[PDB]
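**Student:** Here it is, the structure, as structure tokens.
A short reminder: the numbers here are calculations on the coordinates, not readings from a lab. Quick reminder, even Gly has a Cβ in these numbers, built from the backbone with ideal geometry, and neighbours come from all protein chains shown.
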Amino acid sequence: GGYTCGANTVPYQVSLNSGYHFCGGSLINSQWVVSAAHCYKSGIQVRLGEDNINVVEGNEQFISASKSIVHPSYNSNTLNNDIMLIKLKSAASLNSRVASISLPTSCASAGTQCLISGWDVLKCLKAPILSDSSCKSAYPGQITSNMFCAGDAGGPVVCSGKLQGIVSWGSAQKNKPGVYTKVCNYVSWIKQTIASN
């Protein structure tokens, strides 16, 4: 289950702030964050280096977003293609507490353990990717090939050092696992979109 991560132990984790913390995201290079499309709104400030989001502890960088790009195929009704890119107005200064997470070159297999993080201090959960059957049986009619299940919205799911998921949806009922955007399907779109913007 959930536990307190420890300050800055997840250095690619970002907080998106519009006057309050409303979603997480993942730093993928010094200029770009990946989050969930359902997190889209105006006036986003990206907060890097955070642990307690209510206290300035000394390692934060606050940088306004300059551009938001929701996936062209995002469907808010089904949350299919629940992914968006956020550009930073100025490049983050990368250090041990503010670091990028690598994109995958291939998808992860069922049974692989992943670190899911989000928000107060940052919370963590280690959980295995569930089989396709277990995932789709939990949510009949609702899981697409762009989603996977495993044991904050917008935050990272990291497996074997790669960003494999984005926290997307899941609801409270008993044996219903979290549902995550399947990042490996979007790597080409991510790389092309950031290179063109």
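**Student:** Using mean Cβ contacts within 10 Å as the protection proxy, how do 70-78, 92-100 order, highest first?
**Tutor:** Values: 70-78: 13.2, 92-100: 15.9.
Packing proxy ranking, top to bottom: 92-100, 70-78.
**Student:** What does the charge count near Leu85 come to, summing +1 for each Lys or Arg and -1 for each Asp or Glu among other residues with Cβ under 11 Å from its Cβ?
**Tutor:** Details: positive: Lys67, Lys87, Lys191; negative: none.
Here the count lands on +3.
**Student:** Here is a further query. Could you rank the peptides 128-140, 53-65 by their average count of other C-beta atoms within 10 Å per residue, with the highest value first? Write out the running numbers ahead of the final one.
**Tutor:** On the way: 128-140: 15.4, 53-65: 13.8.
Packing proxy ranking, top to bottom: 128-140, 53-65.
**Student:** What net charge do the residues around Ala7 carry, taking every other residue with its C-beta under 12 Å from that of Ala7, with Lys and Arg at +1 and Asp and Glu at -1? It would help to have the intermediate numbers written out before the result.
**Tutor:** Values: positive: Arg97; negative: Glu50, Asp51, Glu57, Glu60.
Net charge in that neighbourhood comes out at -3.
**Student:** Ok, one more. Among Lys67/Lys191; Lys136/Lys174; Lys41/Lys136; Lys126/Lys162; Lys41/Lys89; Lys67/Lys89, which pairs are too far apart, with a Cα-Cα distance over 19 Å? Each step should come with its number before you reach the end.
**Tutor:** On the way: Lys67/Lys191 16 Å; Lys136/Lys174 15 Å; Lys41/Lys136 30 Å; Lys126/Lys162 14 Å; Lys41/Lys89 16 Å; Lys67/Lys89 8 Å.
Long pairs (Cα-Cα over 19 Å): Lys41/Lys136.
**Student:** Compute the Rg to Rh ratio over the range 113-184 from the alpha carbon atoms, using the Kirkwood formula for Rh, and round to two decimal places.
**Tutor:** 0.94
**Student:** Give, as a single signed number, the net charge of other residues whose beta carbon lies under 15 Å from the beta carbon of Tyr180, with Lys and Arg counted +1 and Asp and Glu -1. Please report the intermediate quantities before stating the final value.
**Tutor:** Values: positive: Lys126, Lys136, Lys162, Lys176, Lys182; negative: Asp82, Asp132, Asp152.
In short, +2.
**Student:** State to the nearest 20 debye the size of the charge dipole of the range 113-184 about its Cα centre, where the only charges are +1 on K and R beta carbons and -1 on D and E beta carbons.
**Tutor:** Working: 7 positive and 3 negative charges, 28 e Å.
Computed charge dipole of the range 113-184: roughly 140 debye.
**Student:** Turning to a different aspect of this structure: Provide the descending list of Cα extents for the chain along its principal axes, expressed in whole angstroms.
**Tutor:** Principal-axis extents of the Cα atoms in the chain, largest first: 44, 37, 30 Å.
**Student:** Let me ask something additional. From the helices alone, meaning DSSP H stretches of at least four residues, give me the mean residue ellipticity at 222 nm for the chain, per-run term -39500 (n - 2.57), in deg cm²/dmol to the nearest 500. Let's see the in-between values first.
**Tutor:** Values: 2 runs with 16 residues, N = 197.
Calculated at 222 nm, the ellipticity per residue is -2000 deg cm²/dmol.
**Student:** Is there a quick way to get the dipole size of the chain? I mean about its Cα centre, with the Cβ of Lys and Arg at +1 and of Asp and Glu at -1; what is the value in debye to the nearest 20?
**Tutor:** In debye, rounded to 20, the chain gives about 320.
**Student:** Taking +1 at the Cβ of each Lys and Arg and -1 at the Cβ of each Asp and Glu, which of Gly19, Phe62, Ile166 sits farthest along the dipole of the chain towards its positive end, judged by Cα position relative to the Cα centre?
**Tutor:** Toward the positive end, the furthest listed residue is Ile166.
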